[PDB]
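Below you'll find the structure, written out as structure tokens, and then a few comments.
No value in this document is a laboratory result; all are computed from the given coordinates. Cβ atoms come from the backbone with ideal geometry, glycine included; neighbour counts cover every protein chain shown.
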Amino acid sequence: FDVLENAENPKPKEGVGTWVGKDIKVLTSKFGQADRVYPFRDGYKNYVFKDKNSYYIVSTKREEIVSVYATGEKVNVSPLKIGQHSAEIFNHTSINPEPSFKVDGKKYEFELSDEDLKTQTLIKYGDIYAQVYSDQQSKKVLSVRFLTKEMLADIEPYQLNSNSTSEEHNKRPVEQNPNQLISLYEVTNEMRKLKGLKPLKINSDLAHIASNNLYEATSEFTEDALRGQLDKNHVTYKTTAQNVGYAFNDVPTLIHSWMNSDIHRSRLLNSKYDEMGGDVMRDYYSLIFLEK
């Protein structure tokens, strides 16, 4: 299995883009209590809000919203829209190929590749940014992440120019890895729901195999080790496959890389699979799929 590696637009007037900079209590009042709240490295906290028609990963720092990943059938990501043609964004929107900014006086300049401009477009809206995720096949908007320049420097989702330096990071809290795995499952199922596919059920035996396979691999991901571990664990199945990612900092970036790789995309959006199980530890992400 191939291991994948890591003159302006006004501010939004409505939708999730207006949440950036507000206190997290504004969403708790609107939606009620979050489904999940957990810390991650460098002093951020994630709040997950979800229902049948919407999915939000809201990041905060000192209770201020600094980022919102949004997707689903009924989310307001104005001026964008989930399901719109991605080519329609560029007709009336200022896009810079080498976006540049300062975070606490330190300059950050990104070198956006061909794939990044078409399927991970970085757009400046007022004083904030938006990452617009598009499908390489359908060319439609899948999800949008509105975020501040300091979150963007921390995530570093694009290659930095030689003049820039990557940020240093503190220890991951104990809550991070298990919550990134839950977000990996949830975002995988949100992508499947946009294409009218059934969500995959979480299988604890596949998650165990994924964790051992990942631990054994970092002490390559062969198909004989996967099919051998399934037979060794007496798991019954018709077909199986695995998606892997290295050095990723967040689930939206990881999913974008799998969605823009035909082989990984075909596994995520496979109509025949009905179960999945994975693991997240440090820089690695692994997700095993199964057709019972």
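What share of the DSSP beta bridges in the chain is antiparallel, in percent to the nearest 5? Display every interim value, and only then the final one.
On the way: 58 of 64 bridges.
Percent antiparallel among DSSP bridges in the chain is about 90.
Considering the Cα trace of the chain, what is its radius of gyration and what is Dmax, both in angstroms?
18.9, 61
Grab segment 1-49 and count how many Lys pairs have their alpha-carbon atoms under 16 Å apart, sequence gap of 8 or more, or different chains. Let's see the in-between values first.
Numbers: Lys11/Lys22; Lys13/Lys22; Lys22/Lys30; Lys22/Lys45; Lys25/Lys45.
Summing the qualifying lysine pairs gives 5.
I need the Kirkwood Rh of segment 28-72: take the reciprocal of the average 1/r across all distinct C-alpha pairs and report it in angstrom. Display every interim value, and only then the final one.
Details: mean 1/r = 0.0922 Å⁻¹.
Taking every pair of different Cα atoms in segment 28-72, averaging 1/r and inverting gives 10.8 Å.
Quick one: net charge around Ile263, please, counting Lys, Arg +1 and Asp, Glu -1 for every other residue with C-beta under 13 Å from its C-beta. Mind dumping the intermediate values first?
Details: positive: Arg265, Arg267; negative: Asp2, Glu223, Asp262.
After counting each charged neighbour, the total is -1.
Once every DSSP H run of n ≥ 4 in the chain is given -39500 (n - 2.57) and the sum is divided by its residues, what mean residue ellipticity at 222 nm do you get, rounded to the nearest 500 deg cm²/dmol? The partial results should precede the final answer.
Numbers: 9 runs with 83 residues, N = 292.
For the chain, the value works out to -8000 deg cm²/dmol.
What list of ³J(HN,Hα) couplings, whole Hz, do you get for segment 232-245 from phi and the Karplus terms 6.51, -1.76, 1.60, once you set θ to phi - 60° and write x for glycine and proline?
Computed from phi, the couplings for segment 232-245 are 4, 8, 6, 7, 8, 6, 9, 9, 8, 7, 8, 10, 10, x Hz.
What is the distance in Å between the Cα centres of segment 168-199 and segment 1-71?
The distance from the Cα centre of segment 168-199 to that of segment 1-71 comes to 14 Å.
Enumerate the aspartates and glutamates that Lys74 could reach by cross-link, defined here as Cα to Cα under 13 Å, with residues fewer than 8 away along the same chain left out.
Leaving aside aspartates and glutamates fewer than 8 places away in the same chain, those within reach of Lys74 are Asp51, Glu190.
Sorted by average packing, counted as other Cβ atoms within 10 angstrom per residue and highest first, what order do 187-199, 61-73, 32-44 take?
61-73, 187-199, 32-44
Which entries of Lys124/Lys198; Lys61/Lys118; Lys61/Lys124; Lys193/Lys232 show an alpha-carbon separation above 24 angstrom in the structure shown? All intermediate terms of the calculation are to be shown ahead of the outcome.
Values: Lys124/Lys198 35 Å; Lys61/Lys118 30 Å; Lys61/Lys124 21 Å; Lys193/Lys232 33 Å.
Table pairs above 24 Å Cα-Cα are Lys124/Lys198; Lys61/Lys118; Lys193/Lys232.
In terms of Cα to Cα distance under 12 Å, which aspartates and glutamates are near enough to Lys106, apart from those fewer than 8 places away along the same chain?
Qualifying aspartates and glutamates at Cα under 12 Å: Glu150, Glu167.
Karplus couplings for segment 29-44 from phi (6.51 cos²θ - 1.76 cosθ + 1.60, θ = phi - 60°), rounded to Hz, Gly and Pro as x?
5, 5, 9, x, 5, 5, 6, 8, 9, 8, x, 9, 3, 6, x, 9
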